[PDB]
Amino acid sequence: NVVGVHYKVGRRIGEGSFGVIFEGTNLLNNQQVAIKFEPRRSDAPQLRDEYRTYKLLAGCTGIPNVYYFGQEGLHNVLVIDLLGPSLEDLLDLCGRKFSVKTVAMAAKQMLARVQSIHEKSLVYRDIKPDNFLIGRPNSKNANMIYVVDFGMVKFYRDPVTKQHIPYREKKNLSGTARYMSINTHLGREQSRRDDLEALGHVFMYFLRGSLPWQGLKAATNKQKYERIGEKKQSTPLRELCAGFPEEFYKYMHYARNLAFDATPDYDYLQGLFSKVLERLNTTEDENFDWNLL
């Protein structure tokens, strides 16, 4: 099947809320790509926006290159680089949990990606293990972690004047409840701190194998987000992070306490993870759990 004049559609490799992702090849150079098909419907995310965002982030480390955007009948297509499995997929292959070393090494890369996005005056707003993918097996970047899916990004400040957006409330709950920040549950405008908090939730998820608020009770959607939000507030950080390196508690504590328009101290955060590795008497290498027997 051929789309975008010179891209041959292969088999499905992923599925989302409204879109299907296929692996394919650019017929002019035989390069492998991923094609995201999005149905043009009222309740679907505008793929052109994701395209714009990819262009705006072109060149940043860990961000895939975008090649084509266009309409194919009743769908909008986005052609980007073909990447490997997500960290969620990798979990399934490693006993549903990652060791401290893997989490610290992964955290450093993930945190760097989020910083790149923030420096472009954007907040990601959809932090989840599913959106972080590693490179292709036989590639130089086989162990590099990338970020895909920019469907929910938003500008937290004017790019030119750096004037931060005002604090607002009544916001409608968007992304993944399991990882969202407490402020998000509370219907507050999301900023840099929220991305960092959600990232901390993912880190703890990796270490423990699960979060205290996963799979609750016979409730409805609005009840789900709420019961989860309440459980997050009632769960003490010392408890959430008990048994793991102190730096994890410190990360959670920092993220949770940042002010709405505060500029994160990314260097401090990166340092926490480097400390974790030091204590383990290990370095930041490529020995992730998924490359180990």
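Numbering starts at 1 and follows the sequence shown.
Note on 227-235 vs 50-58: mean CA B-factor is higher in 227-235.
According to the PDB record, 73-81 carries the higher mean C-alpha B-factor of the two stretches 73-81 and 100-108. By the numbers in the PDB entry, the CA B factor is greatest at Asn172 among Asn131, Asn172, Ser181, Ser191. When the C-alpha B factors of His201, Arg136, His118, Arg125 are read from the deposited coordinates, the top value falls at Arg136.
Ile21 sits in the middle third of its chain by CA B factor, as recorded in the PDB entry. The PDB entry assigns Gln214 a C-alpha temperature factor belonging to the highest third of its chain's modelled residues. Looking at the C-alpha B-factors along this chain, the one for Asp158 belongs to the highest third. Ranked by Cα temperature factor within the chain, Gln270 sits in the lowest third according to the deposited record. Per the deposited record, the Cα B-factor of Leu293 falls in the highest third when ranked against the other modelled residues of its chain.
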